[PDB]
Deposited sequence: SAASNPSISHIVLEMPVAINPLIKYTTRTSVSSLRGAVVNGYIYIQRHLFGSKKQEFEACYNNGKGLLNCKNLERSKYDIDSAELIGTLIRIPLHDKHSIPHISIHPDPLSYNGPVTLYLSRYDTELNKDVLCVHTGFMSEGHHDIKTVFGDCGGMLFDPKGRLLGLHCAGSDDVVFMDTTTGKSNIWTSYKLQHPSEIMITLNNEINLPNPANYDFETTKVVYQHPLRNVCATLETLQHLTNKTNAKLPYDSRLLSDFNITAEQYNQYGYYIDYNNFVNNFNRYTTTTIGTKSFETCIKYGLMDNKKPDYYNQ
């Protein structure tokens, strides 16, 4: 129901499907493919389209790629930037330019994923949009390997980066201490920025500190579960090890928590819904209470 659908408002983007071309690397006996992203005069293609050095061959491997025409792209000027291959367009505005988020790995909140697909009903290549949530370069929009190169945007239409990789499951611990935490007892979807930033160690098993979460939404959720009257309660340092929430953030948002109550009821609280919202949904988007009239708020 509407009680549990975050119903995030995303600004509608108008972009040609050509901004996200399917690129195919072929040999006599095999094919590999993913999408490129044409951003502000350059196309960006991730390394695993192509063992790599021999196939990429210092850019020479680009000549064996379909939908990577020399008339469109300055192949000779292709640059290997870490996990990204960046190639200039001959006409830098043949694809319209787009807004870029100024600090994408610091973004936390709702996102969209845009992907080119061929629609068999409409009989044409079309851009497809998908909604979800991201926390510092990690998101929850389901992908397959070919979807590498899909484009991720914030709700204002600013580009965050490109879908890059994922995993069937992650392991959890307090990575700031190397100690197991409450979560040690969830697939990953990962983004790369146009400057080759990935929020993973040695990116050239995935370890998360906690499930995807928004700090304010988590505090709201935990307060609801453990302290319904929101009576003042001291900060618990396990908020730091279990949720990476600092004492400063705790005081800032004003949601007070009885954290022992959360620990002592951890299984029930993480397997039963709040209303009809899953715990994992609540800590991303908040409790989605029915909006009060604008004049009643202060």
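- Missing from the model, relative to the deposited sequence, are the ranges 51-55, 191-194, 214-220.
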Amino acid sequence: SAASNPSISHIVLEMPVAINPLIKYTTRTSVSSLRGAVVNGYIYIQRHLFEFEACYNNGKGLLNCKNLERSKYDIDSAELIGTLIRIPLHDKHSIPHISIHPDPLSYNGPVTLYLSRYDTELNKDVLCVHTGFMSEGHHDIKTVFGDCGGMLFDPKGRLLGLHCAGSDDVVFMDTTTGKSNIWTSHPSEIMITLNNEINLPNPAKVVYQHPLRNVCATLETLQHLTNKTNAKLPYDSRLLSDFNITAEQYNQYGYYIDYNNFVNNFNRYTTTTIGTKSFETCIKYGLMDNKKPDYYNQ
From here on, numbers count along this sequence of modelled residues.
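- Two stretches are in play, 187-195 and 174-182, and the higher mean C-alpha B-factor belongs to 174-182.
- A summary of the deposited B-factors shows that, of 139-147 and 218-226, the stretch with the larger mean C-alpha value is 139-147.
- Residue set 40, 241, 27, 246: peak C-alpha B-factor at 27 (per PDB entry).
- In the PDB entry, residue 125 places in the middle third of its chain by CA B-factor.
- Sorting the modelled residues of the chain by their CA temperature factor places residue 208 in the middle third.
- When all modelled residues of the chain are sorted by CA temperature factor, residue 166 is found within the highest third.
- Residue-level temperature factors show residue 276 in the middle third of its chain, judged at the C-alpha atom.
- Placement of the Cα temperature factor of residue 73 within the chain: highest third of the modelled residues, per the deposited record.
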